[PDB]
């Protein structure tokens, strides 16, 4: 009982990068995304993620263990942090 979410860099440009976190081990998992600096969430897919501060609750739609969102670099091309928990 322990989801294993992972992070990775998919697309990228002089404005933001499409991060692609891959979850494997369980379907009912939750990956709390945490942008860095003033970064923000421009878009997402493969999972219902939302929020309004420095983190967004991500969730699997049923078969999209791996999600992907546009990290608004906003002066930061570093990948965000993501953690998961069994619940």
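Values in this text are rule-based calculations from the coordinates and carry no lab data. With ideal geometry, Cβ positions are generated from the backbone for all residues, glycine too; neighbour counts draw on all protein chains shown.
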Filter result (touching a residue at least 60 places away in the same chain (Cβ under 8 Å), within 13 Å of residue 67 (Cβ to Cβ) and not in a loop (DSSP other than H, G, I, E, B)) within the stretch 7-36: 19, 21, 23
Criterion: part of a loop (DSSP other than H, G, I, E, B) and out of contact with any strand residue (DSSP E or B) (no Cβ under 8 Å at 6 or more places or on another chain) - qualifying residue of 64, 53: 53
Residue 1 assigned to a loop (DSSP other than H, G, I, E, B), in contact with a strand residue (DSSP E or B) (Cβ under 6 Å, 6 or more places away or on another chain), surrounded by fewer than 18 Cβ atoms within 10 Å (Cβ to Cβ) and in contact (Cβ under 8 Å) with a residue 24 or more places away in the chain: yes
Those residues of the stretch 10-39 which are more than 13 Å from residue 84 (Cα to Cα) and under 9 Å from the mean Cα position of the chain (by Cα), in sequence order: 19, 20, 35
Top-ranked residue of the stretch 40-67 - restricted to ones that are surrounded by 20 or more Cβ atoms within 10 Å (Cβ to Cβ) and in contact (Cβ under 8 Å) with a residue 40 or more places away in the chain, ranked as nearest to the chain's Cα centre (by Cα): 67
Residue satisfying all of: in the stretch 67-87; part of a loop (DSSP other than H, G, I, E, B) and touching a strand residue (DSSP E or B) at 6+ places or on another chain (Cβ under 7 Å); farthest from residue 18 (Cα to Cα) among these: 87
Restricting the stretch 68-87 to residues that are more than 11 Å from the chain's Cα centre (by Cα) and within 20 Å of residue 1 (Cα to Cα), the residue that is surrounded by the fewest Cβ atoms within 10 Å (Cβ to Cβ): 87
